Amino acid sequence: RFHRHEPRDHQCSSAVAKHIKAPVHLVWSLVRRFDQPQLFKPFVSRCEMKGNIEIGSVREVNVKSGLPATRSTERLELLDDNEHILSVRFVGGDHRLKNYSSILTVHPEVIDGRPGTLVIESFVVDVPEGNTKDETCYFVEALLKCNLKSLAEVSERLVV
């Protein structure tokens, strides 16, 4: 419904999902703060964003050491507070994820008889020279899984 992609043959696409024992309004309140991704993203060390959070907003992220890259420039491409959809594209940085675009949706659910959230995040990206589609999807998936794990932990710590 929301995470369809048509990657070409120079691109790859995949998705990850995570169940969170927290209500949708809380998880969305975390992920909607485009100016502060470090609230749940465990690799972000600094983020700078000027102005109001709207389509076209741009944030400058520095990531922590040990990673294949150090910085990323990211543009907000979609923000839907009714259907809870967020879409971001990587427009700059010193990394190898060219024309990366991601879509994240949050959905209500019941988990252990309590209000819960299903988060899905999909992406499309160019496969960088010297790598395969499989490797690129594997790498992005590992990172996105860390991000969604931390988002689950932060949300569930807030509800407790």
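The first residue of the sequence shown is number 1, and the count goes up from there.
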Note to self: Quick check: 108 to 116 versus 65 to 73, which has the larger average CA B-factor in the record?
What the structure shows: 108 to 116
Note to self: Quick check on the record: does 127 to 135 or 35 to 43 carry the larger mean Cα temperature factor?
What the structure shows: 127 to 135
Next item on the list: Would you mind checking which of 24, 16, 142, 152 has the top Cα temperature factor in the PDB entry?
Entry: 24
Note to self: Lowest, middle or highest third: which one holds residue 30 when the chain's residues are ordered by CA B-factor from the entry?
What the structure shows: lowest
Item checked: Third of chain Cα B-factors occupied by residue 97 -> lowest
Next item on the list: Determine, from the deposited record, the chain-internal third of the Cα B-factor for residue 146: lowest, middle or highest.
Entry: lowest
Checklist line | residue 58 by Cα B-factor - lowest, middle or highest third of the modelled chain | finding: lowest
